[PDB]
Every structure is written in structure tokens, then in C-alpha cells.
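A.B. asks: Below is the file query.cif, with mmCIF, C-alpha atoms; chains and numbers go by the auth columns.
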data_model
loop_
_atom_site.group_PDB
_atom_site.id
_atom_site.type_symbol
_atom_site.label_atom_id
_atom_site.label_comp_id
_atom_site.label_asym_id
_atom_site.label_seq_id
_atom_site.Cartn_x
_atom_site.Cartn_y
_atom_site.Cartn_z
_atom_site.B_iso_or_equiv
_atom_site.auth_seq_id
_atom_site.auth_asym_id
ATOM 1 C CA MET A 1 0.000 0.000 0.000 0.00 1 S
ATOM 2 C CA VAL A 2 2.987 2.236 -0.631 0.00 2 S
ATOM 3 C CA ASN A 3 4.094 2.500 2.979 0.00 3 S
ATOM 4 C CA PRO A 4 5.771 5.783 3.934 0.00 4 S
ATOM 5 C CA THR A 5 9.169 5.990 5.588 0.00 5 S
ATOM 6 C CA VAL A 6 10.379 8.105 8.482 0.00 6 S
ATOM 7 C CA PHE A 7 13.625 8.824 10.292 0.00 7 S
ATOM 8 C CA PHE A 8 15.484 11.226 12.541 0.00 8 S
ATOM 9 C CA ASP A 9 19.054 12.005 13.511 0.00 9 S
ATOM 10 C CA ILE A 10 20.582 11.697 16.960 0.00 10 S
ATOM 11 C CA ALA A 11 23.099 14.167 18.335 0.00 11 S
ATOM 12 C CA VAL A 12 25.493 13.275 21.125 0.00 12 S
ATOM 13 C CA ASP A 13 26.259 16.658 22.641 0.00 13 S
ATOM 14 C CA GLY A 14 26.510 18.891 19.598 0.00 14 S
ATOM 15 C CA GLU A 15 27.660 15.972 17.483 0.00 15 S
ATOM 16 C CA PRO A 16 25.767 13.893 14.913 0.00 16 S
ATOM 17 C CA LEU A 17 26.008 10.229 15.830 0.00 17 S
ATOM 18 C CA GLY A 18 23.990 8.975 12.884 0.00 18 S
ATOM 19 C CA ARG A 19 20.531 8.537 11.411 0.00 19 S
ATOM 20 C CA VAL A 20 17.878 6.029 12.399 0.00 20 S
ATOM 21 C CA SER A 21 15.071 5.180 10.009 0.00 21 S
ATOM 22 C CA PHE A 22 11.898 3.142 10.322 0.00 22 S
ATOM 23 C CA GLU A 23 9.449 1.396 8.026 0.00 23 S
ATOM 24 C CA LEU A 24 5.807 1.652 9.016 0.00 24 S
ATOM 25 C CA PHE A 25 3.081 -0.869 8.282 0.00 25 S
ATOM 26 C CA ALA A 26 0.561 1.650 7.004 0.00 26 S
ATOM 27 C CA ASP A 27 -0.738 -1.259 4.963 0.00 27 S
ATOM 28 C CA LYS A 28 -2.010 -2.813 8.169 0.00 28 S
ATOM 29 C CA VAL A 29 -2.698 0.383 10.073 0.00 29 S
ATOM 30 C CA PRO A 30 -3.275 3.223 7.599 0.00 30 S
ATOM 31 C CA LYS A 31 -4.144 5.562 10.444 0.00 31 S
ATOM 32 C CA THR A 32 -1.713 5.323 13.331 0.00 32 S
ATOM 33 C CA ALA A 33 1.262 5.360 10.995 0.00 33 S
ATOM 34 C CA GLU A 34 0.340 8.917 10.089 0.00 34 S
ATOM 35 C CA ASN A 35 0.545 9.919 13.733 0.00 35 S
ATOM 36 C CA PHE A 36 4.192 8.910 13.673 0.00 36 S
ATOM 37 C CA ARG A 37 4.752 10.501 10.285 0.00 37 S
ATOM 38 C CA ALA A 38 3.494 13.841 11.538 0.00 38 S
ATOM 39 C CA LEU A 39 5.493 13.613 14.738 0.00 39 S
ATOM 40 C CA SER A 40 8.674 13.747 12.694 0.00 40 S
ATOM 41 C CA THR A 41 8.081 17.012 10.877 0.00 41 S
ATOM 42 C CA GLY A 42 6.665 17.912 14.259 0.00 42 S
ATOM 43 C CA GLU A 43 4.004 20.318 13.124 0.00 43 S
ATOM 44 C CA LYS A 44 0.566 20.406 14.705 0.00 44 S
ATOM 45 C CA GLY A 45 2.275 21.859 17.745 0.00 45 S
ATOM 46 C CA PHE A 46 4.514 18.971 18.724 0.00 46 S
ATOM 47 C CA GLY A 47 7.019 16.386 17.552 0.00 47 S
ATOM 48 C CA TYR A 48 10.504 15.027 18.111 0.00 48 S
ATOM 49 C CA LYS A 49 12.133 18.347 17.303 0.00 49 S
ATOM 50 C CA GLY A 50 12.476 19.196 20.973 0.00 50 S
ATOM 51 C CA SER A 51 16.132 18.233 21.152 0.00 51 S
ATOM 52 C CA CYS A 52 15.881 16.137 24.293 0.00 52 S
ATOM 53 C CA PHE A 53 15.840 12.534 25.443 0.00 53 S
ATOM 54 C CA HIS A 54 14.003 10.872 28.304 0.00 54 S
ATOM 55 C CA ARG A 55 16.216 7.924 29.159 0.00 55 S
ATOM 56 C CA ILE A 56 18.227 5.093 27.655 0.00 56 S
ATOM 57 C CA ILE A 57 18.505 1.660 29.223 0.00 57 S
ATOM 58 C CA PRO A 58 21.172 -0.665 27.810 0.00 58 S
ATOM 59 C CA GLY A 59 19.501 -3.867 26.682 0.00 59 S
ATOM 60 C CA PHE A 60 15.824 -2.981 26.756 0.00 60 S
ATOM 61 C CA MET A 61 14.596 -0.017 24.753 0.00 61 S
ATOM 62 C CA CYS A 62 15.557 3.324 23.256 0.00 62 S
ATOM 63 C CA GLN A 63 13.602 6.421 22.317 0.00 63 S
ATOM 64 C CA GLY A 64 12.695 9.889 23.533 0.00 64 S
ATOM 65 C CA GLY A 65 11.116 13.096 22.288 0.00 65 S
ATOM 66 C CA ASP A 66 7.534 14.208 21.796 0.00 66 S
ATOM 67 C CA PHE A 67 5.525 15.524 24.716 0.00 67 S
ATOM 68 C CA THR A 68 7.329 18.784 25.369 0.00 68 S
ATOM 69 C CA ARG A 69 4.728 21.049 26.913 0.00 69 S
ATOM 70 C CA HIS A 70 4.076 20.024 30.498 0.00 70 S
ATOM 71 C CA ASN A 71 7.383 20.237 32.325 0.00 71 S
ATOM 72 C CA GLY A 72 8.935 17.982 29.715 0.00 72 S
ATOM 73 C CA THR A 73 5.850 15.802 29.476 0.00 73 S
ATOM 74 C CA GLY A 74 3.735 17.605 26.908 0.00 74 S
ATOM 75 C CA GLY A 75 2.253 15.576 24.085 0.00 75 S
ATOM 76 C CA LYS A 76 -0.824 15.932 21.969 0.00 76 S
ATOM 77 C CA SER A 77 -1.776 13.889 18.930 0.00 77 S
ATOM 78 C CA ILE A 78 -3.192 14.831 15.549 0.00 78 S
ATOM 79 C CA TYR A 79 -6.408 13.197 16.698 0.00 79 S
ATOM 80 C CA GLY A 80 -6.377 14.859 20.097 0.00 80 S
ATOM 81 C CA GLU A 81 -4.449 14.539 23.338 0.00 81 S
ATOM 82 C CA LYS A 82 -5.613 10.946 23.309 0.00 82 S
ATOM 83 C CA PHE A 83 -6.478 8.367 20.678 0.00 83 S
ATOM 84 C CA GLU A 84 -7.989 4.904 20.481 0.00 84 S
ATOM 85 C CA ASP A 85 -6.052 1.744 19.717 0.00 85 S
ATOM 86 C CA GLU A 86 -6.157 -0.500 16.670 0.00 86 S
ATOM 87 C CA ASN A 87 -5.312 -4.114 17.404 0.00 87 S
ATOM 88 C CA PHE A 88 -2.542 -6.532 18.296 0.00 88 S
ATOM 89 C CA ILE A 89 -2.292 -8.658 15.177 0.00 89 S
ATOM 90 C CA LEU A 90 1.423 -7.945 15.287 0.00 90 S
ATOM 91 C CA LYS A 91 3.669 -9.240 18.044 0.00 91 S
ATOM 92 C CA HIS A 92 7.095 -8.714 19.563 0.00 92 S
ATOM 93 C CA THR A 93 9.522 -11.001 17.778 0.00 93 S
ATOM 94 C CA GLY A 94 12.433 -9.435 19.623 0.00 94 S
ATOM 95 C CA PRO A 95 14.854 -6.584 18.900 0.00 95 S
ATOM 96 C CA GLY A 96 14.151 -4.076 16.154 0.00 96 S
ATOM 97 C CA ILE A 97 10.477 -3.866 17.040 0.00 97 S
ATOM 98 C CA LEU A 98 8.915 -0.422 16.886 0.00 98 S
ATOM 99 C CA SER A 99 6.189 -0.238 19.502 0.00 99 S
ATOM 100 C CA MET A 100 4.033 2.533 20.916 0.00 100 S
ATOM 101 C CA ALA A 101 3.716 3.643 24.517 0.00 101 S
ATOM 102 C CA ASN A 102 0.442 4.037 26.366 0.00 102 S
ATOM 103 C CA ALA A 103 -0.844 5.037 29.783 0.00 103 S
ATOM 104 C CA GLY A 104 -4.175 3.245 29.651 0.00 104 S
ATOM 105 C CA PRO A 105 -6.907 1.854 27.388 0.00 105 S
ATOM 106 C CA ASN A 106 -7.775 3.907 24.328 0.00 106 S
ATOM 107 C CA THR A 107 -5.015 6.206 25.520 0.00 107 S
ATOM 108 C CA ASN A 108 -2.217 6.312 22.974 0.00 108 S
ATOM 109 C CA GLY A 109 -0.679 9.764 23.167 0.00 109 S
ATOM 110 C CA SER A 110 1.947 9.457 20.459 0.00 110 S
ATOM 111 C CA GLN A 111 5.295 8.658 22.027 0.00 111 S
ATOM 112 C CA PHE A 112 6.797 5.364 20.931 0.00 112 S
ATOM 113 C CA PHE A 113 9.967 3.405 21.584 0.00 113 S
ATOM 114 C CA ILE A 114 12.399 0.963 20.032 0.00 114 S
ATOM 115 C CA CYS A 115 12.488 -2.523 21.496 0.00 115 S
ATOM 116 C CA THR A 116 16.069 -3.746 21.574 0.00 116 S
ATOM 117 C CA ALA A 117 15.038 -7.083 23.033 0.00 117 S
ATOM 118 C CA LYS A 118 12.155 -9.495 23.477 0.00 118 S
ATOM 119 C CA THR A 119 9.804 -7.383 25.559 0.00 119 S
ATOM 120 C CA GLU A 120 7.345 -10.205 26.050 0.00 120 S
ATOM 121 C CA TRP A 121 5.555 -8.418 28.863 0.00 121 S
ATOM 122 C CA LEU A 122 4.848 -5.448 26.626 0.00 122 S
ATOM 123 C CA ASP A 123 3.428 -7.609 23.863 0.00 123 S
ATOM 124 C CA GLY A 124 -0.338 -7.250 23.755 0.00 124 S
ATOM 125 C CA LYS A 125 -0.176 -3.886 25.483 0.00 125 S
ATOM 126 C CA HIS A 126 1.888 -1.838 23.060 0.00 126 S
ATOM 127 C CA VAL A 127 1.013 -1.446 19.398 0.00 127 S
ATOM 128 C CA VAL A 128 3.569 -2.682 16.898 0.00 128 S
ATOM 129 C CA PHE A 129 3.257 -0.708 13.692 0.00 129 S
ATOM 130 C CA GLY A 130 6.734 -0.907 12.211 0.00 130 S
ATOM 131 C CA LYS A 131 10.259 -2.233 12.571 0.00 131 S
ATOM 132 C CA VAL A 132 13.801 -0.901 12.537 0.00 132 S
ATOM 133 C CA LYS A 133 15.076 -1.789 9.086 0.00 133 S
ATOM 134 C CA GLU A 134 18.406 -0.034 9.482 0.00 134 S
ATOM 135 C CA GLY A 135 19.930 1.968 12.309 0.00 135 S
ATOM 136 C CA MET A 136 19.904 -0.675 15.018 0.00 136 S
ATOM 137 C CA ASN A 137 23.674 -0.350 14.956 0.00 137 S
ATOM 138 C CA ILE A 138 23.368 3.311 15.865 0.00 138 S
ATOM 139 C CA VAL A 139 20.789 2.475 18.506 0.00 139 S
ATOM 140 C CA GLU A 140 23.171 -0.079 19.964 0.00 140 S
ATOM 141 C CA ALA A 141 25.994 2.441 19.884 0.00 141 S
ATOM 142 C CA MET A 142 23.651 4.788 21.708 0.00 142 S
ATOM 143 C CA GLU A 143 22.625 2.250 24.321 0.00 143 S
ATOM 144 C CA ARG A 144 26.260 1.369 24.902 0.00 144 S
ATOM 145 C CA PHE A 145 26.594 4.829 26.401 0.00 145 S
ATOM 146 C CA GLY A 146 23.342 4.680 28.331 0.00 146 S
ATOM 147 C CA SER A 147 22.485 3.917 31.937 0.00 147 S
ATOM 148 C CA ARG A 148 19.580 3.039 34.196 0.00 148 S
ATOM 149 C CA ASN A 149 20.129 6.204 36.198 0.00 149 S
ATOM 150 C CA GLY A 150 18.360 8.026 33.393 0.00 150 S
ATOM 151 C CA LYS A 151 21.450 9.585 31.871 0.00 151 S
ATOM 152 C CA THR A 152 23.019 8.914 28.495 0.00 152 S
ATOM 153 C CA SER A 153 26.246 9.960 26.822 0.00 153 S
ATOM 154 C CA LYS A 154 26.236 13.247 28.699 0.00 154 S
ATOM 155 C CA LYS A 155 23.214 14.719 26.966 0.00 155 S
ATOM 156 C CA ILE A 156 21.778 13.163 23.828 0.00 156 S
ATOM 157 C CA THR A 157 19.351 15.295 21.858 0.00 157 S
ATOM 158 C CA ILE A 158 17.320 15.016 18.678 0.00 158 S
ATOM 159 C CA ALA A 159 19.361 16.774 16.019 0.00 159 S
ATOM 160 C CA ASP A 160 16.703 16.876 13.328 0.00 160 S
ATOM 161 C CA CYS A 161 13.635 14.979 12.183 0.00 161 S
ATOM 162 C CA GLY A 162 13.037 13.337 8.834 0.00 162 S
ATOM 163 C CA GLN A 163 9.734 12.313 7.309 0.00 163 S
ATOM 164 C CA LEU A 164 10.289 10.798 3.885 0.00 164 S
ATOM 165 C CA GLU A 165 7.217 11.982 2.019 0.00 165 S
ATOM 166 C CA UNK B 1 11.307 -1.398 36.430 0.00 201 Z
ATOM 167 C CA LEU B 2 11.201 -1.812 32.672 0.00 202 Z
ATOM 168 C CA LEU B 3 7.860 -0.385 31.613 0.00 203 Z
ATOM 169 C CA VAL B 4 7.122 2.043 28.805 0.00 204 Z
ATOM 170 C CA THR B 5 4.100 4.184 29.679 0.00 205 Z
ATOM 171 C CA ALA B 6 3.384 7.889 29.432 0.00 206 Z
ATOM 172 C CA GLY B 7 2.970 9.687 32.779 0.00 207 Z
ATOM 173 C CA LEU B 8 4.797 8.532 35.799 0.00 208 Z
ATOM 174 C CA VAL B 9 7.440 5.930 35.058 0.00 209 Z
ATOM 175 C CA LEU B 10 8.346 3.898 38.119 0.00 210 Z
ATOM 176 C CA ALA B 11 11.139 1.466 38.899 0.00 211 Z
#
Spit out the file's structure as C-alpha cells when you get a sec.
C.D. replies:
Amino acid sequence: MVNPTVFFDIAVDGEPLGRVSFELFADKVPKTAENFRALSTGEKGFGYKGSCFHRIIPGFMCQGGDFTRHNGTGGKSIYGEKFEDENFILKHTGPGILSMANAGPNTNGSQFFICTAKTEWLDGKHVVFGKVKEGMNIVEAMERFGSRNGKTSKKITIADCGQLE
Amino acid sequence: XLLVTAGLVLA
């Protein structure tokens, strides 16, 4: 169904580490893929262009961004500050799984994360709507300099966002 | 812990 592609670059303290791209299954979910697409260009009054990261745990997951409005916890979606779910036809095969984050039922703000392992306890809760085709190496490189204390390579920030129209 | 929600991450 001519699935779109999206990406964004990571900066390790005023230094470009590399780009990470993602392929979305708009074929399966031609609705929630757009949410992600828009969050790149980061119009509509939000996106990943906030140059900030939440946290990076080595050997679990990696992401950050979005929100930015309420003391670093903003976040509204293109369908509102909340949005229903779709389904769980997809599963968590392991690392390289792009899954959403949620804070309740029919409550999918926007923020997602990369699964760098078999998050079997997240399967069925989070929506899988894409995978990491290429960039896992950069993600790994990023995680290598992460920690559970909620600090990463000094101060990693989103350099720029992509959106491959 | 190792959860991924959106509001008040705990251990």
C-alpha cells in the first residue's frame, strides 16, 4: 500500500552520531502510521524536534522526544491529546520492534519506543506498527553509552527529524 | 522497572 518511511538524527552533545530510520506498516494500520509521520516534521504543535531525550537503558529499549509542553511531558496527537487503539495482530519477535507507549486503554498519546530485546511483557499492550530496518547499529551504539540512572552519553538530543514523504 | 508508559514511570 505504498508504505511511507520516516527517520530522525541523533546528536550526542553537539555531534551527529547517525541517522535512524523506520518502516511503518501503514498497509495494516493506515491511520496510526500517520501519527508517527506527523510527529517527525513535528508540526501540529509537537514532535521530536524538541532536542531532548528521556532515558536510555542498555539492553531494553531506546527512544525519547515528543511531549514537550508540560514540564517535559507535553504531548498531543493529531487526533487529540488521546487516541484509540487499533489491534494486536502484530507481536514482539524481539529486537528491532517499533512499539508505541500508552498510559491506559484507548489512551495512545503518540510517544513510541524501540524494542532492543524481546519485551514479552509489553506484547499485547503496546502497538507494533513498524520495525527498525536499518539503524539498530546506531541504537546499539547509543545504548552502549546509556544507563539506568536516566542519563546517556552526557546529553543526547534530537538533532533533526526526517519524514520521507 | 522496565515499563514504557506515558505519565509517571516507576522502577
A.B. asks: Between CA of residue 132 in chain S and CA of residue 58 in chain S, what is the spacing in Å?
C.D. replies: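 About the pair CA of residue 58 in chain S and CA of residue 132 in chain S: they are 17.0 Å apart.
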A.B. asks: Spell out the residues picked by the PyMOL selection byres ((chain S) within 6 of (chain Z)) here, as an NGL selection string.
C.D. replies: :S and (101-103)
A.B. asks: Give me, as a ChimeraX atom specification, all polymer residues having an atom no more than 8 Å from residue 7 in chain S, counting all atoms listed in the file and skipping those fewer than 5 positions away in the same chain.
C.D. replies: /S:19-22,40,161-164
A.B. asks: Would you kindly identify which residues have an atom no farther than 6 Å from (15.3, -2.5, 19.6), using only C-alpha atoms and the file's own coordinates, and write them out as JSON, numbers by chain?
C.D. replies: {"S": [61, 95, 96, 97, 114, 115, 116, 117]}
A.B. asks: At a cut-off of 12 Å, can you tabulate as CSV every residue of range 61-127 of chain S near range 42-47 of chain S together with its closest atom pair and the distance in Å to one decimal, using all atoms listed in the file and ordering rows by chain then number?
C.D. replies:
residue,atom,partner,partner_atom,distance
S:64,CA,S:47,CA,10.5
S:65,CA,S:47,CA,7.1
S:66,CA,S:47,CA,4.8
S:67,CA,S:46,CA,7.0
S:68,CA,S:46,CA,7.2
S:69,CA,S:46,CA,8.5
S:70,CA,S:46,CA,11.8
S:72,CA,S:46,CA,11.9
S:73,CA,S:46,CA,11.3
S:74,CA,S:46,CA,8.3
S:75,CA,S:46,CA,6.7
S:76,CA,S:46,CA,6.9
S:77,CA,S:46,CA,8.1
S:78,CA,S:44,CA,6.8
S:79,CA,S:44,CA,10.2
S:80,CA,S:44,CA,10.4
S:81,CA,S:46,CA,11.0
S:109,CA,S:46,CA,11.5
S:110,CA,S:47,CA,9.1
S:111,CA,S:47,CA,9.1
S:112,CA,S:47,CA,11.5
A.B. asks: List the spatial neighbours of residue 56 in chain S as an mmCIF file with C-alpha atoms, in the coordinates of the input - criterion: any atom at most 8 Å away, all atoms listed in the file, same-chain residues fewer than 3 positions off excluded.
C.D. replies:
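That gives us result-v2.cif:
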data_model
loop_
_atom_site.group_PDB
_atom_site.id
_atom_site.type_symbol
_atom_site.label_atom_id
_atom_site.label_comp_id
_atom_site.auth_asym_id
_atom_site.auth_seq_id
_atom_site.Cartn_x
_atom_site.Cartn_y
_atom_site.Cartn_z
ATOM 1 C CA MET S 61 14.596 -0.017 24.753
ATOM 2 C CA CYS S 62 15.557 3.324 23.256
ATOM 3 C CA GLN S 63 13.602 6.421 22.317
ATOM 4 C CA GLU S 143 22.625 2.250 24.321
ATOM 5 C CA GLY S 146 23.342 4.680 28.331
ATOM 6 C CA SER S 147 22.485 3.917 31.937
ATOM 7 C CA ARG S 148 19.580 3.039 34.196
ATOM 8 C CA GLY S 150 18.360 8.026 33.393
ATOM 9 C CA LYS S 151 21.450 9.585 31.871
ATOM 10 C CA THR S 152 23.019 8.914 28.495
#
A.B. asks: Give me the residues near residue 15 in chain S as an mmCIF file with C-alpha atoms, in the coordinates of the input, where near means some atom within 12 Å (using only C-alpha atoms) and where sequence neighbours in that chain fewer than 6 positions away do not count.
C.D. replies:
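Below is the file result_11.cif, written as the result:
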data_model
loop_
_atom_site.group_PDB
_atom_site.id
_atom_site.type_symbol
_atom_site.label_atom_id
_atom_site.label_comp_id
_atom_site.auth_asym_id
_atom_site.auth_seq_id
_atom_site.Cartn_x
_atom_site.Cartn_y
_atom_site.Cartn_z
ATOM 1 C CA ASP S 9 19.054 12.005 13.511
ATOM 2 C CA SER S 153 26.246 9.960 26.822
ATOM 3 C CA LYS S 154 26.236 13.247 28.699
ATOM 4 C CA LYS S 155 23.214 14.719 26.966
ATOM 5 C CA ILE S 156 21.778 13.163 23.828
ATOM 6 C CA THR S 157 19.351 15.295 21.858
ATOM 7 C CA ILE S 158 17.320 15.016 18.678
ATOM 8 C CA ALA S 159 19.361 16.774 16.019
ATOM 9 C CA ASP S 160 16.703 16.876 13.328
#
A.B. asks: With only C-alpha atoms as the basis for distance, which of S:105, S:24, S:123, S:41 is at the shortest distance from residue 88 in chain S?
C.D. replies: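 Result for the nearest residue to residue 88 in chain S: S:123.
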A.B. asks: Give me chain Z with N, CA and C atoms filled in, as a tab-separated table (two decimals), in the coordinates of the input.
C.D. replies:
chain	number	residue	atom	x	y	z
Z	201	UNK	N	11.58	-0.22	37.23
Z	201	UNK	CA	11.31	-1.40	36.43
Z	201	UNK	C	11.52	-1.07	34.95
Z	202	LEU	N	10.96	-1.92	34.10
Z	202	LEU	CA	11.20	-1.81	32.67
Z	202	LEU	C	9.86	-1.70	31.94
Z	203	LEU	N	9.12	-0.65	32.28
Z	203	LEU	CA	7.86	-0.38	31.61
Z	203	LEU	C	8.02	0.82	30.69
Z	204	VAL	N	7.11	0.93	29.74
Z	204	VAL	CA	7.12	2.04	28.80
Z	204	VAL	C	5.72	2.66	28.72
Z	205	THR	N	5.36	3.46	29.76
Z	205	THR	CA	4.10	4.18	29.68
Z	205	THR	C	4.36	5.68	29.47
Z	206	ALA	N	3.33	6.47	29.72
Z	206	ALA	CA	3.38	7.89	29.43
Z	206	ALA	C	2.72	8.69	30.55
Z	207	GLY	N	3.48	8.90	31.62
Z	207	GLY	CA	2.97	9.69	32.78
Z	207	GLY	C	3.73	9.66	34.12
Z	208	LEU	N	4.10	8.46	34.53
Z	208	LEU	CA	4.80	8.53	35.80
Z	208	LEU	C	5.66	7.28	35.98
Z	209	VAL	N	6.63	7.14	35.10
Z	209	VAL	CA	7.44	5.93	35.06
Z	209	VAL	C	7.95	5.62	36.47
Z	210	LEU	N	7.83	4.35	36.84
Z	210	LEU	CA	8.35	3.90	38.12
Z	210	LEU	C	9.53	2.96	37.88
Z	211	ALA	N	10.01	2.38	38.97
Z	211	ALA	CA	11.14	1.47	38.90
Z	211	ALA	C	10.72	0.21	38.14
